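Okay, structure first, notes after.
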Ligand SMILES: CSc1cc(F)ccc1-c1ccc(C(=O)NCC2CCCCC2)c(S(C)(=O)=O)c1
């Protein structure tokens, strides 16, 4: 299935493209509804798709970004207030922080040592195997990180953040690639 972003989930700091394949930080927050699905405290958005089974793959361009978070989450994740992105809270993600620091969302966090900074990241979900894998497309498809034995029981969602607002330092888009 072609991944698309779900506008009803998108925090007001986010701008989505018409085709729902791109998200980026605005310079101000949009004035939009405060509906239950919307992430209210962080620049986060979900894919529209709900996965219950099977293997799934998508590719995200992160070119020129100082920070981002990508992965998968439970449909049931809290949308309102503040929280950590732990597997305990229903998140399997990796991120870039501060231009150079890549990490996997294990507890404690697993530092990722990427000699070649990715411009595109490939994300695989294998529902039945309980695996979420991340590949460095730029570095000829090297494995960044794999979460294993995730033991999923309910629906999952693609998860994205193009960063925190940071005075214009991270306005480059996140784009799903064909
Ligand atoms: C807009 S979320 C975001 C966006 C980015 F562009 C780049 C990174 C993040 C981002 C990653 C991770 C976390 C986070 O939960 N870290 C805590 C550890 C999680 C794994 C288990 C040990 C504790 C946060 S947060 C919500 O604390 O702010 C944010």
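If you stretched the chain out fully between residue 53 and residue 177, how much longer would it get, using 0.36 nm times the residue separation minus the C-alpha to C-alpha distance?
42.4 nm
Of the candidates 126, 40, 166, which one comes out as most mobile in a Gaussian network treatment of the chain with C-alpha springs shorter than 10 Å?
So, out of 126, 40, 166, the one fluctuating most is 166.
Label residue 63 and residue 15 with points 7 Å out from Cα along Cα→Cβ: what is the distance between them in nm?
If labels sit at residue 63 and residue 15, their model points lie 1.8 nm apart.
For 102, 42, 57, 107, what ranking results if the residue with the fewest other Cβ atoms within 10 Å of its Cβ goes first?
107, 57, 42, 102
Which residues among region 80-97 fall inside the zone where the amide N is under 11 Å from a point 7 Å beyond the Cα of residue 110, along Cα→Cβ?
93-94
Which ordering of 1, 77, 62 is given by a fewest-first count of other beta-carbon atoms within 10 Å?
Going from least to most buried by this count: 1, 77, 62.
Would you please classify the overall shape of the chain from the alpha carbon gyration tensor, given that a ≥ b ≥ c denote the square roots of the eigenvalues, rounded means a/c under 1.5, and beyond that prolate means a/b larger than b/c while oblate covers the rest?
Rounded is the answer for the chain, as its axis ratio a/c remains below 1.5.
At 7 Å along the Cα-to-beta-carbon direction for both residue 129 and residue 42, put a label point, then send me their distance in nm to one decimal.
In this crude spin-label approximation the distance works out to 2.6 nm.
Cβ coordinates were reconstructed from backbone atoms using ideal geometry, including for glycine residues, and neighbour counts include every protein chain displayed. Rule-based calculations on the coordinates, nothing more; no lab input.
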